[PDB]
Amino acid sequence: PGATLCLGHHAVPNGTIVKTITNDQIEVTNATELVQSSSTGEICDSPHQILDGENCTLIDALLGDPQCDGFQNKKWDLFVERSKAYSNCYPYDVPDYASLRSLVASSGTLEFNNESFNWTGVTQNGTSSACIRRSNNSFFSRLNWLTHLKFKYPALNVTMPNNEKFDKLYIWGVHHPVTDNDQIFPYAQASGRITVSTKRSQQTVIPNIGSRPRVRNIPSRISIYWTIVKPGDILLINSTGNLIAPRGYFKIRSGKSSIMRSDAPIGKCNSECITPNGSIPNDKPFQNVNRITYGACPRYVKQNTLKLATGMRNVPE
């Protein structure tokens, strides 16, 4: 009579299709998804230090646009810029705006130390009606608009050494007056110039008489520039007019900080990986949510899905 002994393997009624080297569709008993393709839609406030810019760009928080006053001296792992943001102080441009934004974002602090510059031969603290702070004409909190003293103006030559252990970041600028109604009113002469130098650097800037298109009803412009002053080094400012002067310096730090453009709301939750769409889990090795990421994130890939087999070939009964 005898017996029969059969060797076999399992199978499931609901197999999954995976790809192989030889076969773009083969059914296995089980698989797991390697591409993260969903976000909750919220940027989690932990474990990274989030700073929501709200109505303020990093640059406006840096310059000190009055509505950004709450940002003074703050730090961040990630500064989040909102698309609804707008400037509401004196109109300005920044040649290489992207690099200033970048180096501040990366520094990851707005720590500012005031400095007492020897400003005699000029009226400090110039204001305007397009930069309203506390219901009164005002200016950028970190900038000092330098004008005449008794309709006269001599050659400035102010010096300031960096005896610290970190790089100093100085933000400064140039006024470009509207007409000759603002050429003889705030500076008291025909011509002007600004030369901001160090032991290793020199930038000079020529002002410009001319009306621009109005931005919040002001047709003049300011042009913002910057200067990094290393340890042991010195900042020198030769001015014969038009200087929008620093009131001090920003600390430059090195670390993991950055900036991201996103309209995602900030949630009270904990997620290592941030995209502009919101935070995402980082169990998977890949993701197709966004090429822009911050933190411990899966790597961005073009595929929606990539199934790894976690079971044998399914050969149903």
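Quick note: we count residues from 1 along the sequence shown, nothing fancier.
J.: Mean CA temperature factor from the deposited coordinates, higher in 221-229 or in 113-121?
T.: Stretch with the greater average CA B-factor: 113-121.
J.: Identify the stretch, either 92-100 or 243-251, whose C-alpha atoms have the larger mean B-factor according to the entry.
T.: Per the PDB entry, the higher value belongs to 243-251.
J.: Say you rank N73, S83, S106, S191 by Cα B-factor from the PDB entry; which sits at the top?
T.: The record points to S191.
J.: Of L78, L169, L143, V158, which one's C-alpha B factor is largest in the deposited record?
T.: Answer for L78, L169, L143, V158: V158, with the highest C-alpha B-factor.
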